[PDB]
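**Student:** okay, here's the opening piece of the assembly, coordinates as they are in the complex:
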Amino acid sequence: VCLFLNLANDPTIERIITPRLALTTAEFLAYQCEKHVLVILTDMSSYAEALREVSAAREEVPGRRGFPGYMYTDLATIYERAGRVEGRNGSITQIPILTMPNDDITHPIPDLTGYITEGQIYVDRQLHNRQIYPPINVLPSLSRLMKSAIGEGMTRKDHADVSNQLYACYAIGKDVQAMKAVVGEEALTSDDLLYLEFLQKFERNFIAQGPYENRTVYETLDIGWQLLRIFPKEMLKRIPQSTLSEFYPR
């Protein structure tokens, strides 16, 4: 690990050139030294607070909400130094980390970083206020390149069907508890409480992790498969039969 710290009491221009030291180190380790690099850029919203501060010193024109006109090509100057190349045996993965102000996703730092990058993770507040770690909201989170990261040869051949089935029984479970608060408790049928047994056991066995518990991918799906056995076989309709007859019964 190389660690480029840059504090708030430090000058505002060192924060501008910090994510170009961390990528020039990364574009050396992967495209000259053939490693798989992961870049973490913590608080990229403070990058756009310094790029607004540098540009205001030069009396330049502000665009959307005070940020400069050239911020779309200045975020992409950072993000688009990534990906695998042909010929070299290295790759660069980037995980920038933002702070949406007052939980507004429509701010220009998340609106323009969702124009260049390929997904979201959405650390949620309503899961933090009920003491869950990590508080990841899987309903608005996405990764647009999930289809070229899983399957045979990468993880296992049941990854793509466990994932979008847990995503369906967490989506229905969030509708049941949204509707049972507004209509009442006695309207639940017996299949209907089952999507709440999942929702409680999904947030305690899958999403709750503990900050030093390192699960590999083979023990995230074996946690995920004993959560799909909460349902019977006839109710898992997002999972095909040719993989239900190999992994489901235990």
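**Tutor:** Received it, and whenever you're ready, just let me know what you need. Numbering: from 1, shown residues only, chains lettered A, B, ... in the order given.

**Student:** what comes up buried for the strand or helix carrying residue A:204?
**Tutor:** Taking DSSP states H and E as the criterion, residue A:204 maps to helix A:194-205. By 16 or more other CB atoms under 10 Å, the buried positions in helix A:194-205 come out as A:194-196, A:198-199, A:202-203. Yep, even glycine has a C-beta here, placed from its N, CA and C like the rest.

**Student:** can you list the residues that contact that helix?
**Tutor:** Helix A:194-205 is contacted by residues A:127, A:132, A:166, A:169-170, A:172-174, A:176-177, A:223, A:227, A:230-231, A:235 when judged by CB atoms under 8 Å, 6 or more residues apart in numbering.

**Student:** rerun that using 6 Å as the cut-off
**Tutor:** Here helix A:194-205 makes contact (CB atoms under 6 Å, 6 or more residues apart in numbering) with A:132, A:169-170, A:172-173, A:176, A:223, A:230.

**Student:** export the buried residues of helix A:194-205 to JSON lines and tack on distance to residue A:138?
**Tutor:** As requested, these are exported to JSON lines (distance: CB to CB, whole Å):
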{"residue": "A:194", "distance to residue A:138": "19"}
{"residue": "A:195", "distance to residue A:138": "15"}
{"residue": "A:196", "distance to residue A:138": "17"}
{"residue": "A:198", "distance to residue A:138": "13"}
{"residue": "A:199", "distance to residue A:138": "12"}
{"residue": "A:202", "distance to residue A:138": "9"}
{"residue": "A:203", "distance to residue A:138": "10"}
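
**Student:** Strands of chain A, residue ranges please.
**Tutor:** Per DSSP state E, chain A carries strands over the ranges A:36-42, A:91-97, A:119-120, A:142-143.

**Student:** excluding its backbone neighbours, what's nearest residue A:226?
**Tutor:** Spatial nearest neighbour of residue A:226, chain neighbours left out: residue A:250 (7.7 Å); criterion: CB to CB, 6 or more residues apart in numbering.

**Student:** add one more, call it chain B:
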Amino acid sequence: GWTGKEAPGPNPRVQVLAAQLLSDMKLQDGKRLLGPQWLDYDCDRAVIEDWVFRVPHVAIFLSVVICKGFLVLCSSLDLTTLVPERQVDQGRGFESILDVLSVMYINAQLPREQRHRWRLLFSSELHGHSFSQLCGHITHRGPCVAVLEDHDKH
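**Tutor:** Adding chain B to the chains above:
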């Protein structure tokens, strides 16, 4: 429908059922068969004659080993109330925990009025591994027999 699968080797439910009948074997001393001195009792006609009086099944089972292969159709027994009828819905390949000597044991201590039909209400390998399914399938369905088997084959 109660075809409890025989084990290649000896069936372990034949063994533990047969020693249960010998627990009502009250020798004249008043003290039950305990410890490895339980094999050497001079059990005369004085002591087996209440055993067939106390245990109804050693009187029942002799009336079905003899009177079913020999096929005496005039027999005034009841076979509907000895072995219940397993009513599961079709289409689902479903084996049970309890084999036929066990469901001929539990059926003996029920009321006589109910002993003919055992219908499936919840089972963990067909209706999920959920308590919300268990509480939804067995509520409001009359008298029922819950039976479960843990990790140590108990």
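
**Student:** mind redoing the contacts of helix A:194-205 now chain B's in there?
**Tutor:** A:132, A:169-170, A:172-173, A:176, A:223, A:230, B:130, B:132-133 (CB atoms under 6 Å, 6 or more residues apart in numbering or on different chains).

**Student:** let's go with 7 Å and repeat that
**Tutor:** Helix A:194-205 has contacts (CB atoms under 7 Å, 6 or more residues apart in numbering or on different chains) with A:132, A:166, A:169-170, A:172-174, A:176-177, A:223, A:227, A:230-231, B:130-133.

**Student:** near chain A, which residues of chain B?
**Tutor:** Chain B has residues B:126-133, B:136 near chain A, with proximity defined as CB under 7 Å from any CB of the partner chain.

**Student:** Between the two ends of stretch A:198-217, how far is it?
**Tutor:** 21 Å (CA to CA, to the nearest Å).

**Student:** Mind naming the longest helix for the chain?
**Tutor:** All of this refers to chain A. helix A:159-183 (DSSP state H).

**Student:** The intended chain is chain B.
**Tutor:** Max-length helix for chain B by DSSP H is helix B:12-21.

**Student:** For it, name the packing helices and strands.
**Tutor:** helix B:100-106 (3 or more CB pairs under 7 Å, 6 or more residues apart in numbering or on different chains; DSSP states H and E).

**Student:** The helix or strand that the helix it packs on is followed by: which residues count as buried?
**Tutor:** Per DSSP H and E, the first helix or strand lying C-terminal to helix B:100-106 is strand B:117-119. Neighbour counts over strand B:117-119 (16 or more other CB atoms under 10 Å in any protein chain shown) mark residue B:118 as buried.

**Student:** Strands of chain B, start to end?
**Tutor:** Going by DSSP E, chain B shows strands at B:85-87, B:117-119.

**Student:** Name the residues of the longest helix of chain B that are buried.
**Tutor:** Quick answer for helix B:12-21 (16+ other CB under 10 Å): residue B:13.
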